[PDB]
Amino acid sequence: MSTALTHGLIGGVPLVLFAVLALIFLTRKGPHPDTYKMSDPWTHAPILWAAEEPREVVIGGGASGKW
Amino acid sequence: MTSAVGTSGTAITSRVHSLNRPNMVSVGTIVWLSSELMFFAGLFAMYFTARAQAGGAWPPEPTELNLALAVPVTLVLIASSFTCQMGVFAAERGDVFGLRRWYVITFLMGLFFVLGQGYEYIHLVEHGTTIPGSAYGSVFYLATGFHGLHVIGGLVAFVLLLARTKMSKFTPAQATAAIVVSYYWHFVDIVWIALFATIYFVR
Amino acid sequence: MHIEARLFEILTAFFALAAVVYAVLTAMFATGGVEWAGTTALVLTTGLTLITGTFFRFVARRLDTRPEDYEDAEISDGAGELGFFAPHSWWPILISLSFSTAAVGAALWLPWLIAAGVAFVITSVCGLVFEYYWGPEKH
Amino acid sequence: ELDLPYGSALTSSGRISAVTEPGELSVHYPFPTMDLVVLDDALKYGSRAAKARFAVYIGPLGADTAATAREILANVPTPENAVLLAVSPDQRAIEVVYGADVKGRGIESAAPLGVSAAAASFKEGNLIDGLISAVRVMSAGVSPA
Amino acid sequence: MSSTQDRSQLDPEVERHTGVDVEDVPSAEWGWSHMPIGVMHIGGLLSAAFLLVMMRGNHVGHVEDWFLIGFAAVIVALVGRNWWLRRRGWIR
Amino acid sequence: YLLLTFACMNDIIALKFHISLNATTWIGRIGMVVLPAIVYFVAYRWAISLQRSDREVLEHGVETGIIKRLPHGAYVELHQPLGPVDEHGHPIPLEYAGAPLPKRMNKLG
Amino acid sequence: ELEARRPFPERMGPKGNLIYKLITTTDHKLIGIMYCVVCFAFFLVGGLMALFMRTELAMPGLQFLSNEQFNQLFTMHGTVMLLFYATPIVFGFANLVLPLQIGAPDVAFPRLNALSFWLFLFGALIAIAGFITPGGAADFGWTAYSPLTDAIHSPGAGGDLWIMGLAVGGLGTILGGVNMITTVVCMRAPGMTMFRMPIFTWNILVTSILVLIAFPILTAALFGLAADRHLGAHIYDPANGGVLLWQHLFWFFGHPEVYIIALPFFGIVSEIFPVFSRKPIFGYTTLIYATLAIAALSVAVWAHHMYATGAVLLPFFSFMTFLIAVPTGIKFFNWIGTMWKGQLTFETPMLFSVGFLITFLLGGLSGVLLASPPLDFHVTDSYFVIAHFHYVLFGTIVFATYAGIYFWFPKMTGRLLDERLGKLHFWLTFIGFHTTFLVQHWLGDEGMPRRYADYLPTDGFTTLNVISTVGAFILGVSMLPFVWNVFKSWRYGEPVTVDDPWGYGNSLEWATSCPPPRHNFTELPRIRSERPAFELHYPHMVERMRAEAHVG
Ligand code: HEA
Ligand code: HEA
Ligand SMILES: CCCCCCCCCCCCCCCC(=O)O[C@H](COC(=O)CCCCCCC[C@@H](C)CCCCCCCCC)COP(=O)(O)O[C@H]1[C@H](O)[C@H](O)[C@H](O)[C@@H](O)[C@@H]1O
Ligand SMILES: [Cu+2]
Ligand SMILES: [Cu+2]
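Residues numbered from 1 in each chain as written, not as in the entry; some residues may be left out. Chains lettered and ligands numbered in written order. Part of a larger assembly, values for the part shown. Heavy atoms only, no water. Residues with missing side-chain atoms left out of burial classes, pairs and counts.

Caption draft 1: Quick look at the overall build of chain D. For chain D, the count of helices and strands is 4 helices and 5 strands. With the C-alpha coordinates aligned to their principal axes, the bounding extent of chain D is approximately 50 × 35 × 35 Å. For chain D, the proportion of its 145 residues judged to be buried stands at 57%. Pairs at least 24 apart in sequence give 56% of the contacts found in chain D among residues at least 6 apart. Total accessible area computed for chain D in this model is approximately 5600 Å², and 54% of it derives from carbon and sulfur atoms. Charged side chains in chain D number 11 positive and 16 negative. The centres of these two groups are separated by 10 Å. (Helix = DSSP H or I, 4+ residues; strand = E, 2+ residues; numbered from the N terminus. Buried < 20%, exposed > 50% of the residue type's maximum accessible area, 1.4 Å probe, protein only. Contact = heavy atoms within 4.5 Å. Areas by Shrake-Rupley, 256 points an atom, 1.4 Å probe, with all protein chains shown as cover. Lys, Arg positive; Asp, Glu negative; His and termini not counted. Charge placed at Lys NZ, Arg CZ, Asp CG, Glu CD.)

Following this line, the structure appears as structure tokens:
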């Protein structure tokens, strides 16, 4: 009855309930770890990020810096 | 090339193995045979009712149901079962020519079954029932006519496997293909023994 | 193997039991008579499991214990060469297009499209089944 | 010999199959899952116009830093053309070290400029953005061959 | 195993510098292999503009204009998503 | 071309394949604008994937039936190489030459 | 001492590695991924079709769409939820993980699985193709009773396209049945006998058995119906025996079709439990018998749908429908024993498993409440039966398919999902689904029978239709988190390097890489019991695994 009510109900209560559950479940902290704070020491295991860029020991060069 | 890395008897292998291993296209066509038996169960249930309905002398007046042309083509088809089984006996022992002779004559008298069934359909529609004409005429034309489609598909499998025997070396995989088409078509003419007992003898 | 024969023997025992009890309980107890439409469906589902279980029993008697099927079998006891599986193949998509053309000829009752779709079914089924048997071009 | 301390076991060959407790993860990289995608884009997509596997090392190197960076260039999976960057936030040391065949390919002026373009972003406090602004610079510097 | 190797020296070529690298498409030197991508962006956007111009005509069935709005909004959404991802470098 | 033709028998298509005639000429009228874009996408990426399908038949071999590895449980497809082989399970990968490379050991000897 | 990995894996993949590989699929993996993709696309099509029906039922007028479009709407909807969403996915999870579970390199007939998938898709498109037709698709229901389907009645082209679309889809699913039963029979790892296979490949063994039993009678019924429409061929003629000739063998397809729907999702959920209960599946041989104890009787139970016709042997089918309700109760109490005294964590696929448990519970209580014919003589074709088959069937396929996707997702694409977004997905596919079907029990018990396009304001019960509409549109916005989750979990999302992204994995699947190699296995484990991945990953566990595996 009262077609504004039975259209606004079926069009809003899904979106109201979607907003409520998406603001109580997606505002949690996910399983992904936090970004690395630079001031904190390096607690992680050592990381090498290779490239696989052309697919298939002696020294080449050097450079350095101190931030 | 150097020699090969897939140093086998052919590019095609058996299906797994068959000395201490079940043949896998064999069990594949066995369970698909069983599915098509349930398809024929659908056709049999379309027959065994609409015969409980019609009472009295129930095969109707335009259906002079010819048995004198039915039982020769059933005898042709079930002797052709033994020709096809002799073909698979000549397929186990590996010669293509013993396979091809018995499957050529199996294809020829299976084609003779299809042409005899087609002449029975012509001779039974031109002075009798049509598929919109009767209940019994319609169920006779579908319970055995789509069996005509089964046996014409089996004939397509025969001519197709014979071209396959023409184009490659006789592997044990091709004996697997031969035994698979062999008892697919044996299933076809054991279902036709069931249909010929049902339609003509038992009624 | 052994246990597929026992499995479809269990299915055969139950399907035959249900078929004969449905036939003899719709012989009486029904309005007109035997239903003839689930009765023969039960008799031929007994036939289905007869075919599968009888073939699996034929195989299981004409066989030793399979090195696959054997309880307490190391992987090196059954590590040989399996048979041919097909690699990449563009014929099943053509099987489906052919059988769908035949089906939409049998739906929209177009006998030209029935005959053409059946011709494409024969052509594509040949292309599937000969795919690993075409020899090289003899020139 | 020790595997991963719970749940892993080496298989019938040398591949060590491990586990992951069901809510937890596998990699545990302490960086967001979107900016290291930008790192992989700057290190694969916008790197292939340099023809060198740009390695990036973030672990500790608490020794003679050049020698312990050119020692861990030797396991970059083709060490003759690889431009490794090593950064140690325990130690505050950038170290860009080359492979052999990368030599005079626009690279001797790109390594200190790559260190400067990295360390201008490390002192802000962005590890990943520092690595991205270094690898983009060394991609613009190293010329292909 | 009954095969020989194949060796073809073509006339290889813009000359092998600008376009697509040989690892994006596995054979870029063997033929023309990269449309410039503003052409396909403006081609999609002009396709959707043409579908929106197609309302103007002999027309009483407005059930069609929802198909034209739909197939124009799909193309505008794909072009806008694709241009936005190249503006941010394929992110999200 | 196939669209402008297959919406020129617009009449008899909507006759036999029971479609509203207005609907199939709108299908054509949108199809000549969107179906070249769809077939451009499918054609371009399908040509690139046909390239990649015969640029992995060089880096690997030609595919056949499966052998298991002996002491452990593996499944390799037993690739048959086209060029010279190295001492181990991988050959020397050939270069492309604009030729139709055979993808079935069937079509080999 | 340290590896050399990419920082993130390949996001999309190279340009052009899939679309020809679409056309020339031969591994089970990519075919199963295609099943899950295109059948969730048909699930989307059906869901919007249901939302059209449910906009229509929100008010007693015919305010939104017509009568005839509604009668097309529930029919095409019932098919692309049963015969084009459920029926494919019961082999789609087979092509996902059954050769992974039995140690098979590929599925047994690796072109005929592509043939199964492509026949499915091109039966599905030519059955949806009734909507292009001007009179539309089939106005008669999914049940499709024969004095309504013979060409005097519903004479349009859409019913014919429906018929031959189910012909092609049935043939493709028969072919999925044969190649799955031949995998599980004779393409299997060398250490596992019949009994230490997983329960899921067991359910697909018996499911493919019942596919071969059921679906050729769908094609036989339906070739008879296509002949009776086009040739005018008197088989399903009503003054002949041909209105129980439809009902007997169509429901002899239909109820074995809904148990080939129900059984491999029982297998999914029975695989979900032992890796989140951190323990055995309780009574494994009890399930391995109970699948047969439900599925053999599934064939012989078929006429519990024609209680209203008054023409079936009534105590026989009522007794055997109670007797098919008991072994699924066994299969259920084994699951309650499987969660029993375990260390549960409700990460998302087990959360969908528990949602399935609750829905299938009270739906099956409506099953035993509905299979008694005097309690069905008012309820046949009411909304109690439609909330019954939703509150069962949705619970089986939809909840256990979301358990199957959120479980076998990191092993079929090598990347996890968002756990928060999956929990969002669950709670508003749980709250919304109960909102739209806990009230249709009370809406079919007081009168509103099935397949109506409108009702009256002088009839009551408008508020229960509007609360079903509220719930159905909660469920309509429920897969925005699901398609967003898989859309940002393929091309992005949290990767896995090591095996078992769900710890304490088992069932011989989880002993290979999370993108599994082509032909599935670099190292098979020594199979000893039902959980050989759990025995690879936990070797010290084995004596504790067997020393207390018998008491209870
Ligand atoms: C996934 C599919 C599915 C499943 C699994 C079911 C499972 C059941 N269904 Fe449902 N059903 C349908 C999909 C399903 N149904 C469909 C599609 C239709 C027809 C569509 C139409 O006609 O419109 C349908 C029509 C239908 C009818 C048709 C009558 C009518 O049209 O009104 C009946 C009644 O006989 C019915 C009864 C059952 C029963 C008894 C089960 C049983 O298997 C359920 C048993 C489960 C519980 C009983 C076990 C757990 C509970 C306890 C823990 C233990 C047991 C306790 C008891 C002993 C009290 N179903
Ligand atoms: C297989 C289980 C199943 C599923 C999943 C469905 C999906 C739904 N069904 Fe359907 N339903 C049946 C089993 C199912 N149904 C059966 C057996 C019939 C009977 C056929 C007959 O009677 O003949 C039926 C017909 C039916 C009726 C008809 C009865 C009548 O006419 O009175 C009703 C009642 O309202 C109904 C309720 C729902 C609801 C609320 C869903 C929800 O799950 C809704 C799902 C759809 C949305 C979730 C998708 C979201 C929308 C998209 C986001 C839009 C955009 C997508 C495009 C881009 C592609 N269903
Ligand atoms: C070989 C396989 C080919 C498969 C192709 C499958 C087709 C794809 C989908 C098609 C959807 C069609 C829906 C049409 C349904 C419909 O009838 O809608 C009509 C008009 O809609 C439309 O056409 C709009 C839809 C347009 C579709 C978009 C095109 C997509 C492209 C990509 C497809 C081209 C494919 C061509 C293939 C060629 C070969 C190429 C290789 C409304 O006009 P009308 O019905 O006359 O008037 C009404 C009164 O009747 C009614 O009483 C009154 O109520 C009013 O409504 C009034 O307006
Ligand atoms: Cu039922
Ligand atoms: Cu009813």
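Now that the structure has been shown, the text picks up again.
Caption draft 2: Layout of the coordination of the iron atom of ligand 2. For the iron atom of ligand 2, the protein contributes exactly one donor atom, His77 of chain G (NE2), at 2.6 Å. Relative to the elements of secondary structure, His77 of chain G occurs in helix α3 (residues 68-102). (Donors = N, O, S within 2.8 Å, 3.2 Å for Na, K, Ca; no water.)

Caption draft 3: Molecular detail of the interface of chain B and chain F. At the interface, 6 residues of chain B touch 9 residues of chain F. A breakdown of the residues in the side of chain B that touches chain F according to their chemical character gives 4 nonpolar, 2 polar and no charged. (Nonpolar A, V, L, I, M, F, W, Y, C, P; charged D, E, K, R; others polar.)

Caption draft 4: Summary view of the pattern of salt bridges. Evaluation of the coordinates by the stated rule reveals 21 salt bridges over all chains. For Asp40 of chain D, the salt bridge goes to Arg6 of chain G, with nearest N and O atoms at 2.8 Å. In this pair, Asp40 of chain D is assigned in helix α1 (residues 35-45) and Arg6 of chain G in the segment before α1 (19-23), connecting two distinct chains. Under the relative-accessibility criterion, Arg6 of chain G is labelled buried at 18%. Through salt bridges with shared partners, one network takes in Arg66, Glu68 and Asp69 of chain C together with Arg188 of chain G. (Salt bridge = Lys/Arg side-chain N within 4 Å of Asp/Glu carboxyl O.)

Caption draft 5: Representation of the site of ligand 2. Residues and elements named next belong to chain G. Residues in close proximity to ligand 2 total 31 residues, the closest being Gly47, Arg54, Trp142, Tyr383 and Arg450. Residue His390 places a side-chain N or O atom 2.9 Å away from a nitrogen atom belonging to ligand 2. A distance of 3.1 Å separates an oxygen atom of ligand 2 from a polar atom in the backbone of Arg451. Secondary-structure elements contributing two or more residues to the shell around ligand 2 are α2 (28-56), α3, α13 (383-408) and α16 (462-476). In terms of residue count, α2 provides more of the shell around ligand 2 than any other element does, 8 residues in total. (Near = heavy atom within 4 Å. Polar contact = N/O pair within 3.5 Å; in protein donor to acceptor, adjacent residues only side chain to side chain.)

Caption draft 6: The arrangement of the coordination of the iron atom of ligand 1 in detail. All names here are of chain G. From the protein, the iron atom of ligand 1 takes a single donor atom, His388 (NE2), 2.7 Å away. The metal-metal distance between the iron atom of ligand 1 and the copper ion (ligand 4) is 4.7 Å. As for its placement among the helices and strands, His388 is situated in helix α13.

Caption draft 7: Quick peek at a nonpolar patch on the surface. Residues and elements named next belong to chain B. A grouping of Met86, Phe89, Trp102, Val104, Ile105, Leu108, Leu111 and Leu115 is seen on the molecular surface, where their side chains present a nonpolar patch of about 700 Å² in accessible area. Among the elements that take part in the nonpolar patch, helix α3 (residues 96-125) stands out by supplying 6 residues, more than any other. Structurally, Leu108 is set in helix α3. (Patch = residues over 30% accessible without salt bridge, like charges linked within 9 Å, V, L, I, M, F, W, Y side chains within 5 Å.)

Caption draft 8: Fine view of the packing of aromatic side chains. Under the definition given, this model contains 103 aromatic pairs over all chains. The ring of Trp36 of chain C has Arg51 of chain B lying over it, and the distance from NZ or CZ to the ring centre is 5.7 Å. (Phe/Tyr/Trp six-rings, centres within 6.5 Å; stacked < 30°, edge-to-face > 60°. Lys NZ or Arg CZ within 6 Å of the ring centre and 35° of its normal.)

Caption draft 9: Structural context of the pairing of strand β5 (residues 93-97) of chain D. Of all 5 residues in β5 of chain D, 5 are buried, a share of seventy percent or more. Both faces of β5 of chain D are covered, namely the face carrying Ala93, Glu95 and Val97 of chain D and the face carrying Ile94 and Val96 of chain D. In terms of strand pairing, strand β2 (residues 64-65) of chain A meets β5 of chain D through 2 bridges, oriented antiparallel. Residue pairing for β5 of chain D: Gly65 of chain A is matched across the bridge by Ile94 of chain D. Between the end of strand β4 (residues 84-88) of chain D and the start of β5 of chain D, which pair antiparallel, lie 4 residues, with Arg92 of chain D showing a positive phi angle near 60 degrees. (Pairing = 2+ DSSP bridges.)

Caption draft 10: Summary view of the packing of α3 of chain B against helix α5 (residues 145-167) of chain B. All names here are of chain B. Here α3 crosses α5 at 155 degrees, and the two axes come no closer than 10 Å. With respect to α5, the element α3 is oriented roughly antiparallel. Crossing handedness for the pair α3 and α5: left-handed. Where α3 approaches α5, its residues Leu99, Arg100, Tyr103, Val104, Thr106, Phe107, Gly110, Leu111, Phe113, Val114 and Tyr121 are matched on the opposing element by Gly145, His147, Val151, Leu155, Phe158, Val159, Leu161, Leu162, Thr165 and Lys166. When grouped by side-chain class, the residues that make up the contact of α3 with α5 number 14 nonpolar, 5 polar and 2 charged. (Axes fitted to C-alpha atoms, helices over the stretch in contact; angles between N-to-C directions. Parallel < 35°, antiparallel > 145°, perpendicular 65-115°, else oblique. Left-handed = near helix turned anticlockwise from the far one by under 90°.)

Caption draft 11: How the structure looks around the arrangement of the chains. Among the 16 pairs of chains that make contact, the interface with the largest number of contacts is formed by chains C and G. Contact between chain C and chain D is absent, and the least distance between their C-alpha atoms amounts to 10 Å. Structurally, chain C and chain E remain out of contact, their C-alpha atoms never closer than 9 Å.

Caption draft 12: Structural view of the site of ligand 1. Residues and elements named next belong to chain G. Close contacts around ligand 1 come from 29 residues, with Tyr259, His304, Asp376, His388 and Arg450 the closest. Here an oxygen atom of ligand 1 sits 2.2 Å away from a polar atom, N or O, in the side chain of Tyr259. Side-chain polar atom of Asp376 to an oxygen atom of ligand 1: 3.1 Å apart, as the coordinates give it. Mapped onto the shell around ligand 1, the elements with two or more residues apiece are α8 (244-276), α10 (314-338), α11 (348-370) and α13. Looking at side-chain class alone, the shell around ligand 1 contains 16 nonpolar, 10 polar and 3 charged residues.

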